[PDB]
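First comes one chain, alone, set out as structure tokens in the form deposited in one PDB entry.
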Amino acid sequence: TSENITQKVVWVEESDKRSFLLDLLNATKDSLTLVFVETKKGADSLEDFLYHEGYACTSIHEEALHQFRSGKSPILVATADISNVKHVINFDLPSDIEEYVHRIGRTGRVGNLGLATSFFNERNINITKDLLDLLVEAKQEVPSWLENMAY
């Protein structure tokens, strides 16, 4: 159970995810930001977007992993060897809660709190109730919208 990972689930429309990611990145870490996306093409295109924004980043979908650790590339974009990152960003959420749990486990260590931010929209209605129940048992912030969509 994930009480020691602060989880912020926010509503982001698909067309808003990229500028919301830039505001979030600025808002939040000098390194070890891990951003999960749904597809290989998505990983690829997001890395390029970030590049043209001026953010040093890599993607995986050894070099890449070796840049992440050194903090030469503060951002690693990955699809579906990595733990104790400073921030996990679920740019796309997965279709089941177990996979959510696996991904958020990559932030935090014993004696410290992790941080995981997840973007959610109508595409994610399938995981609504499971995410709600997980947030409640982990005593995390639950957005009014999530509660009302689960019902």
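Don't overthink the numbering: it's just position in the shown sequence, from 1.
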{"item": "Unresolved deposited residues lying between neighbours residue 28 and residue 29", "value": "1 to 3"}
{"item": "Extent of unmodelled deposited sequence, residue 81 relative to residue 80", "value": "4 to 9"}
{"item": "Of 63-71 and 50-58, the one with larger mean CA B-factor", "value": "63-71"}
{"item": "Residue 121 - Cα temperature factor, lowest/middle/highest third of chain", "value": "lowest"}
{"item": "Assigned third (lowest, middle, highest) for the C-alpha B factor of residue 102", "value": "middle"}
{"item": "Relative C-alpha B-factor of residue 39, binned into the chain's lowest, middle or highest third", "value": "highest"}
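As for the form deposited with a partner chain bound, it is not shown, yet the points below apply to it.
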| property | result |
| --- | --- |
| Residue 133, heavy atom within 4.5 angstroms of its partner chain in the deposited bound form | no |
| Non-hydrogen atom contact residue 137 with its partner chain in the deposited bound form at 4.5 angstroms | no |
| 4.5 Å heavy atom contact, residue 96 and its partner chain in the deposited bound form | no |
| Its partner chain contact in the deposited bound form: residue 5, any heavy atom under 4.5 Å | no |
